[PDB]
Amino acid sequence: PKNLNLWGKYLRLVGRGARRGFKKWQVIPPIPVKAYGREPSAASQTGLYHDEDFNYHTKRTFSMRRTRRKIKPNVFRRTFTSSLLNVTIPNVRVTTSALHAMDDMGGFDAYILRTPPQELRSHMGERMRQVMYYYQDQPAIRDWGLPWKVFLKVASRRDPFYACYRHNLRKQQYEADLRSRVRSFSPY
Amino acid sequence: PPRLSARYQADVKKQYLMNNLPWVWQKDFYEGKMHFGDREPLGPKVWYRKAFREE
Amino acid sequence: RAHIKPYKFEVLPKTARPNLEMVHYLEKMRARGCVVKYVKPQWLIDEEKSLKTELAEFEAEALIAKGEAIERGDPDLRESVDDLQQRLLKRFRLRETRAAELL
Amino acid sequence: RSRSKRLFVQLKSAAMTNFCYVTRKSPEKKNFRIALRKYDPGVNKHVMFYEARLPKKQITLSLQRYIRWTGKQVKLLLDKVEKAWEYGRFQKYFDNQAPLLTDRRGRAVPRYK
Amino acid sequence: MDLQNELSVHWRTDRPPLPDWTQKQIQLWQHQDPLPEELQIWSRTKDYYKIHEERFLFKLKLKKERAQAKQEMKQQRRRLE
RNA sequence: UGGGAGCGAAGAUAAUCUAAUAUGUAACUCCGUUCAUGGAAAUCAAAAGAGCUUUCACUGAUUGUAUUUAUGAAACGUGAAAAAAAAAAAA
RNA sequence: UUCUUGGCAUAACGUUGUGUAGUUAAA
RNA sequence: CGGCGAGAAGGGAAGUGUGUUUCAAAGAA
């Protein structure tokens, strides 16, 4: 039938009733999310899980029993150096599938820049691409080397000076607090 | 791919048939074709098994 | 459908070729004596061209062996080659049936 | 259940007509070959019938359902399918019980093969 | 025809060849590969279709076997030449 | 809203029990309904031929899944309603 | 008008299903 | 008193014998 790349080969040319009454516990192994048409998850939207997301599976024994259980994906913590952003991005939740595709694309900046949104399946990568184009447009601000998350919002891009000012202010405040905190408990 | 699909080309073929022109825009018009019905069938296997047994 | 309801079709269809089963059924009814009208394939003609000669060859033996090596009677009253071949083929194709005893 | 100790023998025709008979004998005469002269419809004649030296994981409903559902250990069924295929079967012409493996949509219309 | 050919030049002229991997990569940008049949098997509805059918699997096995025989005919020409 | 997506148990039937039906039903979250859904063939058919999608009737409670209890608007096909390949190089 | 015969069992074989075996040159 | 611009991808599916049929994963109310 049509759309062979997608799951459901034996479901298109059938009765409406079959389709409506199709059950989910009839499938033992998992199915890819891209093929299955499952909606993205919040944890995936906040990371780079290229072909990975929460799935489900079912069991079966000799006694004709059946159950369903949840399974989590495989995620790793790493660090990536972005030349265009001119700032390190510590603690990036990634997966082997995304890592592999980075190799193919050429790196971390080119992977984000030359990946279609439907294949990327990540809003954080779209925000990073936006920030990269903003830096492209505005070299001057690029020199500051501030975290990429500072200019994430559109209002921060519209008012960049204020963003850096507020970031420094709040950092100052936090360090001030910390100092006192420590001095209170100082042994000597 | 062509502008016009085979689906739509079948309508032009039907119009040609209605106008009495059989078909000219064909992949192979001037080349003979051997019909599938002219093939020599082998028949079932039980016949040959029984024959061999009888032998 | 086309034949029974010609008015239902703007352009009439074309007759399709039969399969093995239908060819066997038509040839079986031909022996019964129904006038069968259908296009014959090439594999049957090719095989029959040799089968008729084989059956003729076998028949001749029985004739000559006995002593009747030469035909008699009026030339305009004897059978023809086509009729003899058809009769021999029909006899051959009915050896495994009870109709042979009636011959 | 029956407690009979009698052995089961198998007599086969000498004509290679696939004709067989069923009988019984005493257990003491273990090393004794039986030979008779019975009617054989395969040749319409009286032929000899000789005793033949006739000698596995069995498949159950449960097993079948398990296999069919889970898909584990399908080779057991595939061996029978291969045997059937090898033997005269699945013929397009002159067949009603199982003319074809499956339909165009992948279904087994003949309940009894 | 002349006019058309002028405007329809190729994109790989006076260029070195490409690996099959690269070719595949290129392909991917336009067209996607089919889904494995192993996974597709599961799609069968239990209402009207048997999940795991021995005859159905045997048919696919025979098709896979016939594929190699088909490929050998094409491959023989290179050796002949 | 018995529409669509995620997850989704039990009372009950099998005169206890497993599968199975109930039912992908109830609760929870989200889309907010003809300006919708869907979609212009690497389809179906087999040696003829039909020609995007969608609604109704018949084929037919036929085929199929099950069995100790049920479930099933199946596919091809026919009739009928509504009919839709693309406005298009720019000024 | 043909002279006989489809065992033996005063305790007689476990029905149905599965498996195995057997059948389809037809409307 | 009808005579070689005689072509249209070399790829998918169908019986597993395919000289056979169909189609093009890739466009808008």
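Residues numbered from 1 in each chain as written, not as in the entry; some residues may be left out. Chains lettered and ligands numbered in written order. Part of a larger assembly, values for the part shown. Heavy atoms only, no water. Residues with missing side-chain atoms left out of burial classes, pairs and counts.

Looking up chain E in the PDB entry gives the name RRM domain-containing protein, with the organism given as Toxoplasma gondii. As deposited in the PDB, this entry carries the title "LSU structure derived from the LSU sample of the mitoribosome from T. gondii".

Within the PDB entry, the label attached to chain A reads Putative ribosomal protein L28, and the organism entered is Toxoplasma gondii. In its Sequence similarities (unreviewed entry) section, UniProt records this for chain A: "Belongs to the bacterial ribosomal protein bL28 family." (UniProt positions renumbered as here; feature names shortened; annotations may be inferred.)

Enquirer: Account for the packing of helix α2 (residues 42-66) of chain C against helix α3 (residues 81-92) of chain C, naming residues and giving values.
Expert: Residues and elements named next belong to chain C. Where α2 meets α3, the closest approach of the two axes is 9 Å, and the angle between their N-to-C directions is 90°. Considering their axes alone, α2 and α3 lie roughly perpendicular with respect to each other. Residues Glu48, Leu51, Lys52, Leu55, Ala56 and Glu59 of α2 form the contact with α3, whose own contacting residues are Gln85, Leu88, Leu89, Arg91 and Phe92. Tallied by class, residues from the contact of α2 with α3 come to 6 nonpolar, 1 polar and 4 charged. (Axes fitted to C-alpha atoms, helices over the stretch in contact; angles between N-to-C directions. Helix = DSSP H or I, 4+ residues; strand = E, 2+ residues; numbered from the N terminus. Parallel < 35°, antiparallel > 145°, perpendicular 65-115°, else oblique. Contact = heavy atoms within 4.5 Å. Nonpolar A, V, L, I, M, F, W, Y, C, P; charged D, E, K, R; others polar.)

Enquirer: I'd like a description of the side chain of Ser13 of chain D, backed by residues and values.
Expert: As for its placement among the helices and strands, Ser13 of chain D is situated in strand β1 (residues 7-13). With residues near it in sequence (within four places) discarded, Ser13 of chain D still touches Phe19, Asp40, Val47, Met48 and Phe49 of chain D.

Enquirer: How would you sum up the interface of chain A and chain E? Please name residues and give values.
Expert: Listed per partner, the contact involves 23 residues of chain A and 19 residues of chain E. Both faces combined, the contact of chain A with chain E buries some 1,800 Å², and carbon together with sulfur accounts for 59% of it. Of all residues in chain A, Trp7, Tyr10 and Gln26 of chain A give up the largest surface area on contact with chain E, accounting jointly for 34% of the area buried on that side. If you look at where chain A meets chain E, you find 1 salt bridge. We note a salt bridge from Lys9 of chain A to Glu37 of chain E, for which the minimum N-O separation is 3.3 Å. Our count for the contact surface shared by chain A and chain E stands at 11 residue pairs in polar contact. Considered class by class, the residues forming the side of chain A that touches chain E number 16 nonpolar, 3 polar and 4 charged. (Buried area = accessible area lost by both parts, 1.4 Å probe. Salt bridge = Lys/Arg side-chain N within 4 Å of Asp/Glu carboxyl O. Polar contact = N/O pair within 3.5 Å; in protein donor to acceptor, adjacent residues only side chain to side chain.)

Enquirer: Would you mind going over the protein's contact with RNA strand H in detail, with residue names and values included?
Expert: Around RNA strand H lies a shell of 31 residues, among which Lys27 and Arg39 of chain B, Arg104 of chain D together with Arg66 and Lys74 of chain E are the nearest. By atom count, sugar and phosphate contribute 40% of the portion of RNA strand H lying within 4 Å of the protein. Between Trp25 of chain B and RNA strand H, the recorded distance is 3.4 Å, taken from a backbone N or O atom to a base nitrogen. Contact between RNA strand H and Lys92 of chain D: a sugar or linking oxygen at 3.0 Å from a side-chain N or O atom of the residue. Examining the composition of the surface near RNA strand H, we find that 5 residues originate from one element, helix α4 (residues 54-80) of chain E, more than from any other. Counted by class, the surface near RNA strand H contains 13 nonpolar, 5 polar and 13 charged residues. (Near = heavy atom within 4 Å.)

Enquirer: Go over the protein's contact with RNA strand F, please, and point to the residues and values.
Expert: Taken together, 39 residues are adjacent to RNA strand F, and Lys2 and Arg20 of chain A, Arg105 and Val109 of chain D together with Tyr48 of chain E come closest. Among the atoms of RNA strand F lying within 4 Å of the protein, the sugar-phosphate backbone contributes 65%. Contact between RNA strand F and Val109 of chain D: a phosphate oxygen at 2.6 Å from a main-chain N or O atom of the residue. Here a sugar or linking oxygen of RNA strand F sits 2.9 Å away from a polar atom, N or O, in the main chain of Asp47 of chain E. Elements with a contribution of two residues or more to the surface near RNA strand F: α1 (16-21) and β1 (55-60) of chain A together with α1 (6-18) of chain B. Considered class by class, the residues forming the surface near RNA strand F number 10 nonpolar, 6 polar and 23 charged.

Enquirer: Break down the nonpolar core for me, with residues and values.
Expert: In terms of nonpolar packing, the biggest core is built from 27 residues, with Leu85, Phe108, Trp148 and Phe151 of chain A touching the most fellow members. Looking at this core, the elements with two or more residues in it are β4 (87-94), α4 (96-105), α5 (109-113) and α7 (123-137) of chain A. Top contributing element to this core by residue count: α7 of chain A, with 6 residues. If we ignore the near neighbours within four places in the chain, the residues touching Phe151 of chain A are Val131, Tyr134, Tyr135, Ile141, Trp144, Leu146, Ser156, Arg157, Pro160 and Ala163 of chain A. Counting residues in each nonpolar core, the second largest holds 7 residues, with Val27 of chain A together with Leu35, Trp42 and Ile51 of chain E among its members. (Core = buried A, V, L, I, M, F, W, Y, C linked by side-chain atoms within 4.5 Å. Buried < 20%, exposed > 50% of the residue type's maximum accessible area, 1.4 Å probe, protein only.)

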